[PDB]
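K.L.:
Let me give you the complex in parts, starting here:
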Amino acid sequence: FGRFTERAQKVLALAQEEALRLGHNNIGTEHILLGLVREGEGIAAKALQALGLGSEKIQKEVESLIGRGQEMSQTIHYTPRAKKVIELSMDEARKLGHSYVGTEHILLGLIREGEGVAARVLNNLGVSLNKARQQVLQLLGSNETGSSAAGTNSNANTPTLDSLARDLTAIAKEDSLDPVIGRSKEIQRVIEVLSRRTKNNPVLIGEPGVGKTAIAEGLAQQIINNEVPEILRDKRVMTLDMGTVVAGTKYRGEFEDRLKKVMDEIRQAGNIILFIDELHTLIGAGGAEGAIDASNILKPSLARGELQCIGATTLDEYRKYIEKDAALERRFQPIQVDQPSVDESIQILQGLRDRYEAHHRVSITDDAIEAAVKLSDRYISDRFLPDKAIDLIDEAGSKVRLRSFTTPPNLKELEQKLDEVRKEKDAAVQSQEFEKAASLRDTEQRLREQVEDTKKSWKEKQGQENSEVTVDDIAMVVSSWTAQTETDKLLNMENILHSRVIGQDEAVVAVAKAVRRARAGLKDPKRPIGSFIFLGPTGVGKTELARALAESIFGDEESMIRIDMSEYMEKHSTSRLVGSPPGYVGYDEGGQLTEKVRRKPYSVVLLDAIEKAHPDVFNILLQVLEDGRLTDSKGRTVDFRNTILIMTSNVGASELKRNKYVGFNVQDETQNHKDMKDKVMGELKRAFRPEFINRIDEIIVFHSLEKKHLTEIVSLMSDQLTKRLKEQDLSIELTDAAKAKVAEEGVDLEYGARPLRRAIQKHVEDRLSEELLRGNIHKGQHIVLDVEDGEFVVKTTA
């Protein structure tokens, strides 16, 4: 554990004085012993003086064992023996108070490490080693706060409060408690409803997801001082813990027996407050199974005010309590939960940012703290806005703390050398090769001493990271989940989406820019990072872009969902038939869509061809587009304020018969585009509401594959070919001449850039394999697929 009290360190440094003063090159146990008694007072030092051991008396013994008798003081850092005394002391302070380890613990630790020169000194100077450790103990008590006895009461309260367990107030009368950052507005509202008698019970609703106990510590504090009335005469607050009751049992019946007994003992009523966490599980009400039905006991308890209690339930949970009556709905009555505003969130963080010093990197930096919150709300994007935050500070608060090790100036090399030596050295003694190991050894220890010397030059490795908490660090971690690894993604988004889509560049820059809005925090944090409709034929660049987004935004291509909407018609069921009549709204809500998006929450959701689905599906999607939520299966709210929703649509292809082609003019791209983009725009509305499209952030337009995009998609695919065969040692290339001939297959009025994959199969995969069987090609020869006669021709060029 880092950072201790002086008294420990002080005894240690006194060893170092003895290091040189007796000259022992590695500061032995003899010097440590002298160190303890030379710190004079402080229980370790003091202890030795009690048993009759002066610093003198010790040193007389010490010099008779190693003497002077060294004065070189070579590499005067400790012995491993002495290093053990320190490891032990740390633990003798774990053992005895001190997290910030002190001297006392060090003599205690010494006794533990009763070895060699130390040990023999005291047992020669008529003091048993444990007589010394004893001595420390019997003066010790270490560290204490808010504790010391002198008198307590007994009252009717005695049987009850034991069991079962806990009291926020107790630990706060021995304080370390934090508010924790309000979470203010609940706390008043409970005490009115608590100092009630015919609804003696408050009921807190909402925010789970707030760290309920933070509000509770709020309550604790406020129930003490001083708004409480004589309508709360001598009220004391004890917290329900499910864990102690369930522990030590193996049947439901045993828990209930204990619970029955407890409900009886709460009879100290009119003086007791019970806090009941997770109240719903215990009520057991309604549905298929509300769980354990403690409610039966609970209901009269609540009514009596014996269980004058505070119930912690949630949005849906309340149903399973108001359903019970008339001593569970005649118990409940609700009051409204709160938590730190988005900026306030930031501030909570800051407060224990600096208190990360047991955690370095962070301490500090506000802009970074702010980054933690702000960047997160949109980048995963489903938690609480301060909880998210501190983790980013801290991740980055280590990532960067890590970045020290490799880059101080790159003084990682010192250690590297010391490695190379050790090896040489060691192995040289093992063959021996003695004086030939010797010099390697000398080379080793040259290096070694340098390492430990420069390791406290690597307080620069603290000075690098331990306040560079800055924005960027934080951003990298938020992107890790999903400045630093987010703004290269932002600035170059079109370029990056372009680097995996060359199927419709128009589309790439458009999607890029919308993503850059959201990804820079310029959109609602209650709407997805993108809603889109992609008009045109299937996979013109469409499908490829969904992929390219995963790739660009998250750095993870493996964060892309993909569901075909043409299968979820709901009412285009035979009106645009796709052979799937039953289920459909039940299929998306009831499990499929919703389960999938829960897996990766920042997933490019690719809803293929939404033209073939009726305007009704779009209402479900609308909840994403508005709320940034979907409300579905097993009472989940899946926050779609994350994700990239990308809906492609056959709103193009079906009508489409004009070609967005550069080869028939540039005026053939953008006015055939416009021609389909008009016939599209009435099919757009017919398949997915205008209301839908009104809450869809952007309408991305593609149309049948361009001149120009094909041979670039093909030249990537042919290159995927050239790369996947090279790893296992085969060089293939399709020249530009061959990538061109392959590309011609998709041009289209209705297809897209889908057939390109096949034309790569036929002209590359298939073509190479019929050449390997032939004996045209060989291992690692470059196999050129070129066009020379309007057909592929295989040349060898290696």
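P.N.:
Ah, there it is. Numbers count the residues shown, from 1 in each chain, chains lettered A, B, ... in the order given.

K.L.:
quick one: the residue lying closest to residue A:591 once chain neighbours are set aside and residue A:562, what's the gap?
P.N.:
Excluding its sequence neighbours, the residue lying closest to residue A:591 (CB to CB, 6 or more residues apart in numbering) is residue A:633, at 5.8 Å. All C-beta atoms are positioned from the backbone trio N, CA, C, and that covers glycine. Using CB to CB, to the nearest Å, one obtains 20 Å as the distance from residue A:633 to residue A:562.

K.L.:
How about the contacts made by residue A:208?
P.N.:
For residue A:208, the contact set (CB atoms under 8 Å, 6 or more residues apart in numbering) comprises residue A:314.

K.L.:
Now the helix or strand containing residue A:90: buried residues?
P.N.:
Per DSSP states H and E: residue A:90 is located in helix A:80-94. Residues A:81, A:82, A:84, A:85, A:86, A:88, A:89, A:90, A:91, A:92, A:93 are the ones in helix A:80-94 that count as buried (16 or more other CB atoms under 10 Å).

K.L.:
Surely residue A:105 touches residue A:85?
P.N.:
No. The pair residue A:105 and residue A:85 fails to qualify as a contact (CB atoms under 8 Å) at a distance of 10.3 Å.

K.L.:
Report the secondary structure state of the residue nearest in space to the middle of chain A.
P.N.:
Residue closest to the average C-alpha location in chain A (CA atoms, centre = their mean): residue A:391, at 5.9 Å. Secondary structure, DSSP: H, G, I helix; E, B strand; the rest coil: residue A:391 is helix.

K.L.:
From residue A:385, how far off is it?
P.N.:
12 Å.

K.L.:
Not counting its neighbours along the chain, what's nearest residue A:462?
P.N.:
Nearest non-adjacent residue to residue A:462, counting by CB to CB, 6+ apart: residue A:360, 6.6 Å away.

K.L.:
surely that neighbour meets residue A:400?
P.N.:
No. Counting by CB under 8 Å, residue A:360 does not reach residue A:400; the two are 9.8 Å apart.

K.L.:
Looking at the two, which has the bigger crowd around it?
P.N.:
residue A:400 (24 against 18; other CB atoms under 10 Å).

K.L.:
May I have the phi/psi pair for that one?
P.N.:
phi -80, psi -40 (degrees, to the nearest 10).

K.L.:
ok now do it, which residues does it touch?
P.N.:
A:361, A:464, A:465, A:468, A:469, A:473.

K.L.:
follow-up on the earlier one: and for the helix holding residue A:90, what's in contact with it?
P.N.:
Residues from elsewhere that reach helix A:80-94, judged by CB under 8 Å, 6+ apart: A:1, A:4, A:8, A:12, A:15, A:26-29, A:31-32, A:78, A:99, A:101-102, A:104-106, A:108-110, A:112-113, A:115-116, A:118, A:142.

K.L.:
Make a ChimeraX selection of the buried ones in those residues.
P.N.:
Selecting the buried subset of these in ChimeraX, with 16+ other CB under 10 Å as the burial test, is done by:
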select /A:4,8,12,15,26,27,28,29,31,32,78,101,102,104,105,106,108,109,110,112,113,115,118,142
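
K.L.:
can you map out the helices along the stretch 401-550 of chain A?
P.N.:
For the stretch 401-550 of chain A, the helices defined by DSSP state H, counting those that start in this stretch cover A:413-431, A:435-454, A:460-463, A:471-481, A:484-491, A:493-498, A:505-518, A:542-549.

K.L.:
Show me the one of the ones you listed that comes nearest residue A:185.
P.N.:
Nearest of the helices of the stretch 401-550 of chain A to residue A:185, taken as CB to CB: helix A:471-481 at 29.3 Å.

K.L.:
Could you list every helix and strand in contact with the closest one?
P.N.:
Applying 3 or more CB pairs under 8 Å, 6 or more residues apart in numbering; DSSP states H and E, one finds that helix A:471-481 contacts helix A:366-376, helix A:387-406, helix A:484-491.

K.L.:
contact partners of that helix?
P.N.:
Residues from elsewhere that reach helix A:471-481 (CB under 8 Å, 6+ apart): A:361, A:365, A:367-372, A:375-376, A:379-380, A:391-393, A:395-397, A:399-400, A:483-487, A:489, A:554-555, A:602.

K.L.:
Kindly incorporate the sequence below as chain B:
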Amino acid sequence: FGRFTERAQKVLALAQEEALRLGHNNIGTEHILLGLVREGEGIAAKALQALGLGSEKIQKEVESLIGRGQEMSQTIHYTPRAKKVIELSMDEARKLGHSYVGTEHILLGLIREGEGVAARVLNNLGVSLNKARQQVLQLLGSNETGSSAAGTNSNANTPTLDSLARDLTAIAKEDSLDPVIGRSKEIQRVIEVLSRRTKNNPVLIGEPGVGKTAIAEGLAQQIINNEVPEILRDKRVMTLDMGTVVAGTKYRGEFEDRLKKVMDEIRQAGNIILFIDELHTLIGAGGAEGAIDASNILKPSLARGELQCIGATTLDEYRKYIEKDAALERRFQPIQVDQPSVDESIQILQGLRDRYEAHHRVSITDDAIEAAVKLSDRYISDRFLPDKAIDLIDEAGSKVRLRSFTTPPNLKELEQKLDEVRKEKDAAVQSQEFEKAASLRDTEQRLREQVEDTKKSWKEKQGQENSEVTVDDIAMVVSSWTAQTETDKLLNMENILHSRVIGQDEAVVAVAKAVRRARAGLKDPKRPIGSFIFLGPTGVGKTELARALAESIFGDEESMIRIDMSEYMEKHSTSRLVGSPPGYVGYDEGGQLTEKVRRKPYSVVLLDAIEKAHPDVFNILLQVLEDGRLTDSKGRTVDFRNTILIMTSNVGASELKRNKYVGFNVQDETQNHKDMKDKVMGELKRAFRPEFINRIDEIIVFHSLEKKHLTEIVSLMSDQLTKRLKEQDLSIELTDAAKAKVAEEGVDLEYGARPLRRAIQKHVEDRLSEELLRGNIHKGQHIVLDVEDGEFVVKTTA
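P.N.:
That brings us to chain B, laid onto the chains above:
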């Protein structure tokens, strides 16, 4: 005993010396004893000098029990007692630490195997036998690395680290650790995410499927030494294990109580790292079922950093924890796991070849290794890309290592002789045949000495097989699953597919070649062996070829799935049974179809008559055609990379149904061909999808069964008939004249090779049976069914 230490062997060879040196023909226990003490100062030898038993003292006793005078030393190999002492020492090396087998064990093993002449030597020379076995032990009875006492302690760390559980650091401090070739990028990505103080929990998601523990051994070492953030101050690494908890219990409640208890002791927080293996089981909730909801305790534990932990999760698990929140959403965070790239895979293998030298059939050959990976990757294809390989190395590194001792050059025959004698010999004395056993013994034992002599002449067959691990070797093991037994299959593929199907030979060579392409590489490793559609009127050769593929490639005639798509079209099969829509895709995806293909991996999947299946069926097939995966039941991804998909159809039926003649025309067939290759192949596209046909690797056209093929199919079938009756001893033949007459049923314009079975049935089975019953023909005589008047006549022949 496995190249297991000299000291054993060393004491032993001195026995052989003593064997002849006093004249013992089987080296008795007296010579073994001498061997020990004449080996001077090994543990065995040394011990005896302690017991007072000098080599002299021993030998004096020894010569007085046997001593003289079998100086001829007939064969001198051991006495069976002495062979036991050696067998015992191996166990005595288990017993007294030594992986290898050395001296202590031999004296201890000797005492253990006290026996006659040895035993009497020490008990005559005033030495108790157990005093001796003691004596060896108490000098050496150990071999040690790492561990060895010297005393160290820590305090608060005690209750936690005790419980529960395994410590990777411990085995790495005692150090028997092997890296084992990581899987590096995880370790960094864990340590940012670990060295937090809020989401201080890493969560590893990846292929499991690499051996998660490789990353773990990665972590272990790197968290200790030596560049790690200050957040991770004075860390200790403890791995958790469910297995010890569940053992010795049989009720859930105790396991949970213990989990609560553990959660408490981890309070050494900010100084402890917990590794939670099999994290999923604990997390529970989600889906329709949990997994054990320890999560309740675990979630705050993770947030607190007391259970600052590393979670080793799965595909699905992340969903059911970020769904839980917010000490499970702001706790968890994923990072991407590595595996050794396909070429790298090869290298991992290679690395453990040399250590497969106690397996003595690796190292070598490189080409075999390279192959090990590569041949498996494309076929079988039942595993991930690196695992397959090493298994082949070792398999074949035993198949052939067996071929060592199966044949010497074929000098196995020597031993065979010794046997034949022994039998005769023994039994001859048991009846006796006194001297009539003599010569048999002499012939036997002649053989015997020669046998044991030639068994170490069969170090030559070891130098033959026992390091080789060949391409051929590897191939053979891959064939065992399914070079050597793959390339005869490859080279002759058309011929072999031809040998079971003659029906449209045009089709056979094509199909053959497509398999040979994939099966000889240069196709995506993810993609299937072949996607195809085979058109032609029902079973032209189509079905039969699917069979022939199974037959040829796998060595099993059938290992071929077979589904009729017309029953679950996704088109018209909505309401074939039921009056309402529920059905068709639900069977296909939902389990039925997919489970069947899941059973055999290398399986020709035959989806019959897809002619009027919806475009939807094709999308499902398409996932195979593109990715080479199918997405189905229990959230499993079945990697279609060994399936051979063959979909048959009569989609534009009429045009297919115009023969590929030959025996009628030879040029109307190649004009039916082009014609069926458009109206059919476009109805194919119209009922399927053009995208479907476009990612189908090859569309094979079979016409109606050639006029031509029939008497050759008939000559397989009619002969298959003649062969199935021969097994229980009946010889039937249909002459060429009668096989010609059988072929006549279908000659075809609208039908396949289906009516041929029926016509064999009529013309062979039915025809023989009405003649066997009437006594024209009988058992064990040859039944000629001939034509000699344009109709069958049953003739009799020898």
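
K.L.:
since we added chain B, can you redo the contacts of helix A:80-94?
P.N.:
Defining contact as CB atoms under 8 Å, 6 or more residues apart in numbering or on different chains, one finds that helix A:80-94 is touched by A:1, A:4, A:8, A:12, A:15, A:26-29, A:31-32, A:78, A:99, A:101-102, A:104-106, A:108-110, A:112-113, A:115-116, A:118, A:142, B:152-157, B:234.

K.L.:
ok, now which ones touch the closest residue in space to residue A:141 that isn't next to it in sequence?
P.N.:
Closest residue to residue A:141 apart from its sequence neighbours, by CB to CB, 6 or more residues apart in numbering or on different chains: residue A:97 at 7.5 Å. Residues in contact with residue A:97 (CB under 8 Å, 6+ apart) are A:141, A:142, A:143, A:144.

K.L.:
So residue A:97 versus residue A:104, what's the distance?
P.N.:
9 Å.

K.L.:
still on that earlier bit, which residue packs closest to the residue nearest to the centre of chain A, ignoring adjacent ones?
P.N.:
Computed as CB to CB, 6+ apart, the closest residue to residue A:391 that is not its neighbour in sequence is residue B:199, at 3.5 Å.

K.L.:
from the middle of its chain, how far away would stretch A:708-715 be?
P.N.:
The chain centre lies 40 Å from the centre of stretch A:708-715; the measure is CA atoms, centre = their mean, to the nearest Å.

K.L.:
before we move on, back to that, after the helix holding residue A:90, which helix or strand is next?
P.N.:
Counting by DSSP H and E, the element after helix A:80-94 in chain order, helix or strand, is helix A:103-112.

K.L.:
How much space separates the residue nearest to the centre of chain A from residue A:54?
P.N.:
Residue A:391 is 54 Å from residue A:54, where distance means CB to CB.

K.L.:
can you check residue A:728 too?
P.N.:
Using CB to CB, which is the criterion applied here, residue A:728 is 78 Å from residue A:54.

K.L.:
Which of those two has more residues huddled nearby?
P.N.:
A side-by-side neighbour count of residue A:728 and residue A:54, using other CB atoms under 10 Å in any protein chain shown, places residue A:728 first with 19 against 13.

K.L.:
And the helices in the stretch 651-798 of chain A, which stretches?
P.N.:
With DSSP H, counting those that start in this stretch as the criterion, the stretch 651-798 of chain A has helices spanning A:673-679, A:684-687, A:690-693, A:710-726, A:736-743, A:756-760, A:766-772.

K.L.:
Tell me which of these sits most buried.
P.N.:
Highest mean neighbour count of the helices of the stretch 651-798 of chain A: helix A:756-760, a mean of 24 (counted as mean count of other CB atoms under 10 Å in any protein chain shown).

K.L.:
is any part of that helix close to chain B?
P.N.:
Yes. Contact of helix A:756-760 with chain B (CB under 8 Å from any CB of the partner chain) involves A:757, A:758.

K.L.:
got it, and stretch A:556-576?
P.N.:
Yes. Against chain B, stretch A:556-576 shows contacts by CB under 8 Å from any CB at A:556, A:558, A:564, A:567.

K.L.:
Quick check, the third one in contact with residue A:609.
P.N.:
Yes. Here residue A:564 lies in contact with residue A:609, judged by CB under 8 Å, at a distance of 6.7 Å.

K.L.:
So which of the two has more stuff around it?
P.N.:
residue A:609 (25 against 18).

K.L.:
For chain B, see how far away the nearest residue to that one once chain neighbours are set aside is.
P.N.:
Counting by CB to CB, 6+ apart, residue A:650 is the residue found nearest to residue A:609 once chain neighbours are left out, at 4.2 Å. Remark: distance between residue A:650 and chain B (CB to the nearest CB, to the nearest Å) = 13 Å.

K.L.:
ok, now residue A:308?
P.N.:
26 Å.

K.L.:
same check, this time on residue A:48
P.N.:
Noted for residue A:48: a distance of 21 Å to chain B, by CB to the nearest CB.

K.L.:
now the strands for the stretch 551-700 of chain A?
P.N.:
Along the stretch 551-700 of chain A, counting by DSSP state E, counting those that start in this stretch, strands occupy A:563-564, A:604-608, A:630-632, A:636-638, A:644-648, A:698-701.

K.L.:
Now distance to residue A:724 too, for those, in JSON lines please.
P.N.:
Formatted as JSON lines, the strands of the stretch 551-700 of chain A follow (distance: least, CB to CB, whole Å):
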{"stretch": "strand A:563-564", "distance to residue A:724": "27"}
{"stretch": "strand A:604-608", "distance to residue A:724": "24"}
{"stretch": "strand A:630-632", "distance to residue A:724": "38"}
{"stretch": "strand A:636-638", "distance to residue A:724": "37"}
{"stretch": "strand A:644-648", "distance to residue A:724": "27"}
{"stretch": "strand A:698-701", "distance to residue A:724": "31"}
